[PDB]
file start.txt (compact mmCIF, C-alpha atoms)
# COMPACT_ATOMS: atom_id res chain seq x y z
CA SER A 1 6.74 -4.30 -17.74
CA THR A 2 3.96 -2.60 -15.83
CA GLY A 3 0.25 -1.94 -16.19
CA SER A 4 -2.09 0.66 -14.74
CA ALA A 5 -5.88 0.65 -15.05
CA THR A 6 -8.64 2.70 -13.51
CA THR A 7 -11.29 0.86 -11.50
CA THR A 8 -14.76 2.40 -11.17
CA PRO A 9 -17.61 1.71 -8.72
CA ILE A 10 -20.59 0.03 -10.41
CA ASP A 11 -23.14 2.07 -8.45
CA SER A 12 -23.60 4.80 -5.86
CA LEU A 13 -22.90 2.40 -2.98
CA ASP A 14 -19.55 1.04 -4.22
CA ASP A 15 -21.11 -2.44 -4.32
CA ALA A 16 -18.25 -3.55 -6.57
CA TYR A 17 -15.68 -2.07 -8.92
CA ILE A 18 -15.13 -2.71 -12.61
CA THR A 19 -11.91 -2.42 -14.57
CA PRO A 20 -11.66 -2.52 -18.37
CA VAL A 21 -9.78 -5.52 -19.77
CA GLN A 22 -8.78 -6.13 -23.39
CA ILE A 23 -9.28 -9.71 -24.56
CA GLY A 24 -8.42 -11.12 -27.96
CA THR A 25 -7.37 -9.78 -31.34
CA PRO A 26 -8.74 -7.33 -32.30
CA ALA A 27 -9.34 -6.31 -28.71
CA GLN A 28 -12.70 -6.96 -27.10
CA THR A 29 -12.98 -4.75 -24.02
CA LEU A 30 -14.94 -6.19 -21.12
CA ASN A 31 -15.44 -4.62 -17.71
CA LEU A 32 -14.31 -7.15 -15.13
CA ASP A 33 -14.57 -7.34 -11.36
CA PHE A 34 -11.01 -7.77 -10.07
CA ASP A 35 -11.27 -10.22 -7.20
CA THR A 36 -8.36 -10.91 -4.85
CA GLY A 37 -10.53 -13.60 -3.23
CA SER A 38 -10.74 -15.94 -6.24
CA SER A 39 -8.53 -17.21 -9.03
CA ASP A 40 -10.61 -17.62 -12.20
CA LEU A 41 -10.76 -15.12 -15.07
CA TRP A 42 -14.21 -15.78 -16.51
CA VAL A 43 -16.40 -13.81 -18.86
CA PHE A 44 -19.86 -13.53 -20.25
CA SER A 45 -19.53 -14.87 -23.79
CA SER A 46 -21.17 -15.87 -27.05
CA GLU A 47 -21.58 -19.28 -25.35
CA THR A 48 -23.54 -17.97 -22.36
CA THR A 49 -27.15 -19.21 -22.20
CA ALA A 50 -29.06 -16.39 -23.89
CA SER A 51 -31.71 -16.06 -21.17
CA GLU A 52 -28.90 -15.49 -18.63
CA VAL A 53 -27.43 -12.50 -20.48
CA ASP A 54 -29.04 -9.12 -19.68
CA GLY A 55 -26.99 -6.17 -20.89
CA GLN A 56 -23.47 -7.47 -20.34
CA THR A 57 -20.78 -7.16 -22.97
CA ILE A 58 -19.78 -10.61 -24.19
CA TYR A 59 -16.52 -12.12 -25.36
CA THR A 60 -16.86 -13.87 -28.72
CA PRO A 61 -13.86 -16.14 -29.19
CA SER A 62 -14.74 -16.90 -32.84
CA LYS A 63 -14.00 -13.22 -33.60
CA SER A 64 -10.54 -13.35 -32.02
CA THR A 65 -7.68 -14.50 -34.23
CA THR A 66 -5.63 -15.39 -31.16
CA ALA A 67 -8.31 -17.42 -29.33
CA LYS A 68 -7.77 -21.16 -29.04
CA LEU A 69 -10.09 -23.67 -27.37
CA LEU A 70 -8.35 -25.33 -24.44
CA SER A 71 -9.56 -28.75 -25.43
CA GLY A 72 -11.40 -30.70 -22.74
CA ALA A 73 -11.09 -28.01 -20.08
CA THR A 74 -14.11 -27.00 -18.02
CA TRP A 75 -14.62 -24.80 -14.99
CA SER A 76 -17.23 -24.30 -12.29
CA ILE A 77 -17.12 -21.90 -9.39
CA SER A 78 -19.27 -20.98 -6.42
CA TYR A 79 -18.69 -17.78 -4.48
CA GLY A 80 -19.21 -16.94 -0.82
CA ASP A 81 -22.38 -15.03 -1.62
CA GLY A 82 -23.98 -18.11 -3.18
CA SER A 83 -23.53 -17.02 -6.80
CA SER A 84 -21.97 -19.32 -9.39
CA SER A 85 -20.90 -19.77 -12.99
CA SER A 86 -19.43 -22.49 -15.20
CA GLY A 87 -18.34 -23.23 -18.74
CA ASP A 88 -15.39 -24.07 -20.98
CA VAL A 89 -12.00 -22.46 -21.58
CA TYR A 90 -10.07 -20.62 -24.27
CA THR A 91 -6.58 -19.23 -24.20
CA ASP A 92 -6.18 -15.73 -25.63
CA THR A 93 -4.25 -12.51 -25.25
CA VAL A 94 -5.36 -10.43 -22.27
CA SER A 95 -4.21 -6.90 -21.48
CA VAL A 96 -4.84 -4.78 -18.40
CA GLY A 97 -3.80 -1.15 -18.41
CA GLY A 98 -1.11 -1.74 -21.02
CA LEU A 99 0.24 -5.00 -19.55
CA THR A 100 -0.20 -7.94 -21.89
CA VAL A 101 -0.29 -11.68 -21.17
CA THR A 102 -0.37 -14.11 -24.06
CA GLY A 103 -1.88 -17.56 -23.54
CA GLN A 104 -4.09 -16.48 -20.63
CA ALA A 105 -6.89 -18.88 -19.72
CA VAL A 106 -10.16 -17.07 -20.42
CA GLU A 107 -12.99 -19.06 -18.95
CA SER A 108 -16.09 -18.71 -21.08
CA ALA A 109 -19.38 -18.94 -19.19
CA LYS A 110 -22.06 -21.27 -20.46
CA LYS A 111 -24.12 -20.71 -17.31
CA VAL A 112 -24.24 -17.94 -14.73
CA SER A 113 -26.44 -17.59 -11.65
CA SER A 114 -29.14 -14.97 -11.37
CA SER A 115 -27.03 -12.50 -9.38
CA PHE A 116 -24.64 -12.22 -12.32
CA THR A 117 -27.41 -11.94 -14.92
CA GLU A 118 -29.06 -9.19 -12.88
CA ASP A 119 -25.87 -7.12 -12.74
CA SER A 120 -25.57 -5.61 -16.21
CA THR A 121 -22.40 -3.71 -15.30
CA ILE A 122 -20.15 -6.71 -14.59
CA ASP A 123 -18.97 -8.63 -17.66
CA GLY A 124 -17.01 -11.21 -15.65
CA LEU A 125 -14.37 -11.63 -12.96
CA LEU A 126 -10.59 -11.47 -12.98
CA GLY A 127 -9.23 -13.50 -10.07
CA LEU A 128 -6.13 -12.33 -8.24
CA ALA A 129 -5.90 -14.84 -5.38
CA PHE A 130 -3.40 -17.70 -5.63
CA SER A 131 -3.58 -20.02 -8.62
CA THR A 132 -4.10 -23.03 -6.35
CA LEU A 133 -7.77 -21.96 -6.14
CA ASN A 134 -8.30 -21.93 -9.90
CA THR A 135 -11.21 -24.24 -10.82
CA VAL A 136 -10.22 -25.33 -14.34
CA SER A 137 -10.25 -29.10 -14.75
CA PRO A 138 -8.43 -31.33 -15.55
CA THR A 139 -5.50 -28.91 -15.89
CA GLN A 140 -5.55 -26.06 -13.36
CA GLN A 141 -4.77 -22.66 -14.90
CA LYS A 142 -2.79 -19.66 -13.71
CA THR A 143 -4.15 -16.21 -12.84
CA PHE A 144 -3.38 -13.14 -14.92
CA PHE A 145 -0.99 -11.97 -12.19
CA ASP A 146 0.77 -15.33 -11.99
CA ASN A 147 1.28 -15.33 -15.78
CA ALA A 148 2.48 -11.71 -15.81
CA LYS A 149 4.75 -11.95 -12.77
CA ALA A 150 8.08 -12.86 -14.36
CA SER A 151 7.75 -9.99 -16.85
CA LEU A 152 6.82 -7.38 -14.24
CA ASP A 153 9.37 -4.84 -13.02
CA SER A 154 8.50 -5.99 -9.48
CA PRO A 155 6.26 -8.98 -8.66
CA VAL A 156 3.46 -6.92 -7.14
CA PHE A 157 0.09 -5.44 -7.80
CA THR A 158 -1.64 -2.68 -5.86
CA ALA A 159 -5.26 -1.87 -5.14
CA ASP A 160 -6.25 1.73 -4.58
CA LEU A 161 -10.04 1.68 -4.41
CA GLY A 162 -12.00 4.89 -4.19
CA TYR A 163 -14.84 5.87 -1.91
CA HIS A 164 -17.68 6.85 -4.24
CA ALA A 165 -14.96 7.58 -6.81
CA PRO A 166 -12.66 5.83 -9.27
CA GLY A 167 -9.38 4.29 -8.19
CA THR A 168 -6.51 2.31 -9.63
CA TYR A 169 -5.05 -1.19 -10.01
CA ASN A 170 -1.35 -1.13 -10.81
CA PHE A 171 0.79 -4.11 -11.83
CA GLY A 172 4.53 -4.26 -11.42
CA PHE A 173 5.24 -1.05 -9.51
CA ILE A 174 4.36 0.86 -6.37
CA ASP A 175 3.17 4.42 -7.06
CA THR A 176 4.82 6.35 -4.23
CA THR A 177 2.56 9.37 -4.91
CA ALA A 178 -0.60 7.36 -4.22
CA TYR A 179 -0.33 7.11 -0.42
CA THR A 180 0.71 9.09 2.63
CA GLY A 181 3.32 8.09 5.18
CA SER A 182 4.88 4.65 4.89
CA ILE A 183 3.61 1.23 3.80
CA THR A 184 3.45 -1.33 6.60
CA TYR A 185 4.01 -4.89 5.43
CA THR A 186 2.56 -7.92 7.15
CA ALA A 187 2.88 -11.69 6.70
CA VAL A 188 0.62 -13.70 4.40
CA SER A 189 -0.42 -17.32 4.62
CA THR A 190 -1.24 -18.93 1.28
CA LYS A 191 -2.44 -22.17 2.89
CA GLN A 192 -6.08 -21.55 1.89
CA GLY A 193 -5.19 -19.89 -1.42
CA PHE A 194 -6.06 -16.39 -0.21
CA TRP A 195 -4.20 -13.23 0.69
CA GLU A 196 -4.63 -14.20 4.34
CA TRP A 197 -3.10 -12.08 7.06
CA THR A 198 -3.55 -11.20 10.73
CA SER A 199 -4.67 -7.77 11.84
CA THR A 200 -3.32 -6.66 15.20
CA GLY A 201 -6.59 -5.22 16.52
CA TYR A 202 -9.23 -2.53 16.24
CA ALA A 203 -10.77 0.63 17.64
CA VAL A 204 -14.29 2.04 17.39
CA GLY A 205 -14.47 5.78 16.80
CA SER A 206 -12.24 7.67 19.21
CA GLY A 207 -12.13 4.65 21.53
CA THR A 208 -9.05 2.90 22.81
CA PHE A 209 -7.34 0.39 20.56
CA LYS A 210 -7.95 -3.26 21.43
CA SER A 211 -4.93 -5.44 20.72
CA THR A 212 -6.21 -8.74 19.40
CA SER A 213 -5.23 -10.97 16.49
CA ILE A 214 -7.82 -11.10 13.71
CA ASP A 215 -7.02 -13.53 10.91
CA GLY A 216 -8.72 -12.65 7.64
CA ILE A 217 -8.42 -12.21 3.89
CA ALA A 218 -7.86 -9.14 1.76
CA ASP A 219 -10.70 -9.52 -0.73
CA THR A 220 -11.45 -6.88 -3.33
CA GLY A 221 -14.37 -8.97 -4.59
CA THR A 222 -16.32 -8.70 -1.33
CA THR A 223 -18.19 -5.45 -0.69
CA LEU A 224 -18.29 -5.34 3.11
CA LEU A 225 -16.05 -5.86 6.14
CA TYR A 226 -16.83 -9.16 7.89
CA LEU A 227 -15.34 -9.55 11.36
CA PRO A 228 -15.92 -11.63 14.50
CA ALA A 229 -19.26 -11.13 16.23
CA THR A 230 -17.57 -9.66 19.31
CA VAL A 231 -15.89 -6.92 17.27
CA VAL A 232 -19.00 -6.17 15.24
CA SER A 233 -21.19 -5.96 18.34
CA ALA A 234 -18.73 -3.52 19.90
CA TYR A 235 -18.92 -1.33 16.80
CA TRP A 236 -22.72 -1.22 16.44
CA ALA A 237 -23.22 -0.70 20.19
CA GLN A 238 -21.90 2.84 19.54
CA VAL A 239 -24.72 3.63 17.10
CA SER A 240 -28.06 4.51 18.73
CA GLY A 241 -30.79 2.27 17.43
CA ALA A 242 -28.56 -0.15 15.56
CA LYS A 243 -29.50 -3.81 15.74
CA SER A 244 -28.94 -7.12 14.04
CA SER A 245 -31.94 -8.04 11.92
CA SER A 246 -32.35 -11.68 10.95
CA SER A 247 -35.05 -10.67 8.45
CA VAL A 248 -32.74 -8.22 6.69
CA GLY A 249 -29.64 -10.38 7.08
CA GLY A 250 -27.37 -8.32 9.29
CA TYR A 251 -26.87 -5.13 11.22
CA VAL A 252 -29.07 -2.21 10.32
CA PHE A 253 -29.09 1.29 11.75
CA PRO A 254 -31.26 4.42 11.61
CA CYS A 255 -30.47 6.39 8.50
CA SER A 256 -30.44 9.51 10.73
CA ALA A 257 -27.31 8.24 12.52
CA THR A 258 -23.80 9.57 12.23
CA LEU A 259 -21.56 6.51 12.12
CA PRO A 260 -18.27 6.28 14.04
CA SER A 261 -15.07 5.40 12.28
CA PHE A 262 -13.49 1.96 12.58
CA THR A 263 -9.75 1.47 12.91
CA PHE A 264 -7.90 -1.77 12.15
CA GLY A 265 -4.31 -2.60 12.95
CA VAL A 266 -1.59 -3.59 10.52
CA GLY A 267 1.39 -4.39 12.69
CA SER A 268 2.01 -1.24 14.71
CA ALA A 269 0.22 0.87 12.07
CA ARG A 270 -3.44 1.84 11.94
CA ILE A 271 -5.90 2.20 9.05
CA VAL A 272 -8.94 4.36 9.78
CA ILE A 273 -12.19 3.63 7.95
CA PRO A 274 -14.34 6.79 8.09
CA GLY A 275 -17.88 6.34 9.35
CA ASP A 276 -19.39 7.28 6.00
CA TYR A 277 -17.69 4.27 4.36
CA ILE A 278 -19.77 2.01 6.61
CA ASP A 279 -23.13 3.37 5.33
CA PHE A 280 -24.73 1.17 2.65
CA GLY A 281 -27.96 3.12 2.56
CA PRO A 282 -31.61 2.21 2.87
CA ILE A 283 -32.40 -1.50 3.06
CA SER A 284 -35.11 -0.90 0.44
CA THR A 285 -35.99 2.22 -1.52
CA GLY A 286 -37.48 4.86 0.78
CA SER A 287 -36.70 3.05 4.03
CA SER A 288 -35.28 4.87 7.02
CA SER A 289 -33.42 1.71 8.04
CA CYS A 290 -29.93 1.59 6.58
CA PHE A 291 -27.63 -1.39 6.01
CA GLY A 292 -24.30 -1.54 7.81
CA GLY A 293 -20.94 -1.97 6.13
CA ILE A 294 -19.44 -3.95 9.03
CA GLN A 295 -21.09 -7.33 9.49
CA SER A 296 -20.43 -10.52 11.42
CA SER A 297 -18.33 -13.26 9.83
CA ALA A 298 -19.91 -15.86 12.10
CA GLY A 299 -20.96 -18.74 9.90
CA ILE A 300 -18.87 -17.53 6.94
CA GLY A 301 -15.97 -19.37 8.48
CA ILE A 302 -13.47 -16.63 7.67
CA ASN A 303 -13.02 -12.91 8.36
CA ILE A 304 -13.05 -10.79 5.22
CA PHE A 305 -11.38 -7.43 4.76
CA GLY A 306 -13.53 -6.46 1.80
CA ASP A 307 -13.89 -3.17 -0.05
CA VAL A 308 -15.12 -1.23 3.01
CA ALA A 309 -11.73 -1.80 4.63
CA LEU A 310 -9.51 -1.89 1.55
CA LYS A 311 -10.78 1.37 0.09
CA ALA A 312 -9.50 3.19 3.20
CA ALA A 313 -5.96 2.13 2.24
CA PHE A 314 -3.38 1.82 -0.47
CA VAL A 315 -2.83 -1.96 -0.54
CA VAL A 316 0.21 -3.81 -1.89
CA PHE A 317 -0.21 -7.43 -2.89
CA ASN A 318 3.40 -8.58 -2.91
CA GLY A 319 3.76 -11.79 -4.92
CA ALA A 320 7.42 -12.34 -4.17
CA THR A 321 8.58 -15.88 -3.35
CA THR A 322 7.37 -15.23 0.19
CA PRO A 323 4.22 -13.18 -0.35
CA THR A 324 3.29 -10.29 1.92
CA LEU A 325 0.64 -7.57 2.13
CA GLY A 326 1.32 -3.88 2.56
CA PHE A 327 -1.08 -1.20 3.79
CA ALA A 328 -0.68 2.58 3.80
CA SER A 329 -3.03 5.41 4.59
CA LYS A 330 -3.90 7.72 1.69
call {"tool": "encode", "arguments": {"input": "start.txt", "output": "structure tokens"}}
result
Amino acid sequence: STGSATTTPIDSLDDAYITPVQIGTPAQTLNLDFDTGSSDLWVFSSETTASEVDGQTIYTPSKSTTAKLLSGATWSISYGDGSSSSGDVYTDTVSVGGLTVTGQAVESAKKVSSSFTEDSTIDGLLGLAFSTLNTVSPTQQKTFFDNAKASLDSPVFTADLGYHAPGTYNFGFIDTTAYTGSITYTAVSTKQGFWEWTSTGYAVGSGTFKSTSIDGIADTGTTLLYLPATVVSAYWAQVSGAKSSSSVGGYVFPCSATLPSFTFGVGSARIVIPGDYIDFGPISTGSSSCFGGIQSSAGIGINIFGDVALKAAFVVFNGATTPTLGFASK
């Protein structure tokens, strides 16, 4: 089997992407944030504290003939940005782009943090990291991908995120029309439960490539590119007037600037992030100070190849017995 679904930016800055997901019978379609950096499929629901729901579409398990309470199971998750959610668990039928999993754990939120409430466009998350990170207790549950894997034509999914435009998540096949040149594959460590890999270096603009190992995660659920302070300083030093602002919470730059590209290495290959992808616009409405899309990972504890980086590539998440990651230009 295969599936193919379009993923759409939630706003004009590509802050996140939503993908329609069918849950239950008859289908209830929710728009979920596909997140390769976590492993829980959770939704706003009929059980979510009413004051914490503000415009989201909810899953109502009592209206699904295939929903079953997973008795005694609870979940609770905290994300790198400080947001969180928790609740109980149902199993139900879940379909993405024509690919159907029966018996998928659908984690129903009783509580969500303010960041989730305030984002009316995201109805929940669909985790695509390794199932070892799943938070369901006392019986850990599998991701949608893990459940689908044996049925897939090939044990892969691909992320093809757009810049200010829709893109695609495919399951079970590699669309050879969706990228240019060849796909370069690189080793993954699953030791922390992430799609963790090592970039071979970087360049700023038309500058020379610096060969240096940068360990990080491919994370579709993170907006920006978080890299070591040395790398980030080297990038922003090429933008007149750019500076790190503790009050704003990272590097800012004059909105009048033209940003240089940023290149990262994948083995001997190179992925170029155009300068415009690194512009996240005014820090507040009407400001001439703009927020940068490359930020320091110092004090995160991990480097994160988030959407800023991933949307410059066609990315293969290869879930074979020995997982790997592939990147192509597009």
call {"tool": "closest_atom_pairs", "arguments": {"input": "start.txt", "of": "region 6-91 of chain A", "to": "region 275-293 of chain A", "cutoff": "12 Å", "atoms": "all atoms listed in the file", "output": "CSV"}}
result
residue,atom,partner,partner_atom,distance
A:11,CA,A:280,CA,11.2
A:12,CA,A:280,CA,9.3
A:13,CA,A:280,CA,6.0
A:14,CA,A:280,CA,8.6
A:15,CA,A:280,CA,8.6
call {"tool": "closest_residue", "arguments": {"input": "start.txt", "among": "A:149, A:270, A:311, A:63", "to": "residue 210 (chain A)", "atoms": "only C-alpha atoms"}}
result
A:270
call {"tool": "atom_distance", "arguments": {"input": "start.txt", "atom1": "CA of residue 23 (chain A)", "atom2": "CA of residue 141 (chain A)"}}
result
16.8 Å
call {"tool": "closest_residue", "arguments": {"input": "start.txt", "among": "A:305, A:264, A:44, A:130", "to": "residue 329 (chain A)", "atoms": "all atoms listed in the file"}}
result
A:264
call {"tool": "closest_residue", "arguments": {"input": "start.txt", "among": "A:262, A:163, A:171, A:179", "to": "residue 209 (chain A)", "atoms": "only C-alpha atoms"}}
result
A:262
call {"tool": "atom_distance", "arguments": {"input": "start.txt", "atom1": "CA of residue 122 (chain A)", "atom2": "CA of residue 41 (chain A)"}}
result
12.6 Å
call {"tool": "build_atoms", "arguments": {"input": "start.txt", "residues": "region 207-218 of chain A", "atoms": "N, CA and C atoms", "output": "PDB file, in the frame of the given file"}}
result
ATOM      1  N   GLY A 207     -12.384   5.579  20.446  1.00  0.00           N
ATOM      2  CA  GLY A 207     -12.130   4.650  21.530  1.00  0.00           C
ATOM      3  C   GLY A 207     -10.715   4.109  21.554  1.00  0.00           C
ATOM      4  N   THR A 208     -10.367   3.490  22.668  1.00  0.00           N
ATOM      5  CA  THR A 208      -9.050   2.900  22.810  1.00  0.00           C
ATOM      6  C   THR A 208      -8.878   1.689  21.891  1.00  0.00           C
ATOM      7  N   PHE A 209      -7.658   1.505  21.430  1.00  0.00           N
ATOM      8  CA  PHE A 209      -7.340   0.390  20.560  1.00  0.00           C
ATOM      9  C   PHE A 209      -7.269  -0.905  21.363  1.00  0.00           C
ATOM     10  N   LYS A 210      -7.977  -1.915  20.870  1.00  0.00           N
ATOM     11  CA  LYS A 210      -7.950  -3.260  21.430  1.00  0.00           C
ATOM     12  C   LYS A 210      -6.957  -4.110  20.661  1.00  0.00           C
ATOM     13  N   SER A 211      -5.894  -4.544  21.328  1.00  0.00           N
ATOM     14  CA  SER A 211      -4.930  -5.440  20.720  1.00  0.00           C
ATOM     15  C   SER A 211      -5.474  -6.854  20.738  1.00  0.00           C
ATOM     16  N   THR A 212      -5.669  -7.404  19.549  1.00  0.00           N
ATOM     17  CA  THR A 212      -6.210  -8.740  19.400  1.00  0.00           C
ATOM     18  C   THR A 212      -5.948  -9.189  17.974  1.00  0.00           C
ATOM     19  N   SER A 213      -5.542 -10.435  17.810  1.00  0.00           N
ATOM     20  CA  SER A 213      -5.230 -10.970  16.490  1.00  0.00           C
ATOM     21  C   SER A 213      -6.503 -11.353  15.753  1.00  0.00           C
ATOM     22  N   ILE A 214      -6.677 -10.795  14.561  1.00  0.00           N
ATOM     23  CA  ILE A 214      -7.820 -11.100  13.710  1.00  0.00           C
ATOM     24  C   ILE A 214      -7.318 -11.598  12.364  1.00  0.00           C
ATOM     25  N   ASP A 215      -7.410 -12.904  12.166  1.00  0.00           N
ATOM     26  CA  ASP A 215      -7.020 -13.530  10.910  1.00  0.00           C
ATOM     27  C   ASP A 215      -8.098 -13.312   9.860  1.00  0.00           C
ATOM     28  N   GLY A 216      -7.726 -12.842   8.677  1.00  0.00           N
ATOM     29  CA  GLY A 216      -8.720 -12.650   7.640  1.00  0.00           C
ATOM     30  C   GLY A 216      -8.076 -12.514   6.276  1.00  0.00           C
ATOM     31  N   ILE A 217      -8.906 -12.304   5.258  1.00  0.00           N
ATOM     32  CA  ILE A 217      -8.420 -12.210   3.890  1.00  0.00           C
ATOM     33  C   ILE A 217      -8.638 -10.827   3.319  1.00  0.00           C
ATOM     34  N   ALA A 218      -7.695 -10.384   2.503  1.00  0.00           N
ATOM     35  CA  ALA A 218      -7.860  -9.140   1.760  1.00  0.00           C
ATOM     36  C   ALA A 218      -8.575  -9.472   0.467  1.00  0.00           C
TER      37      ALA A 218
END
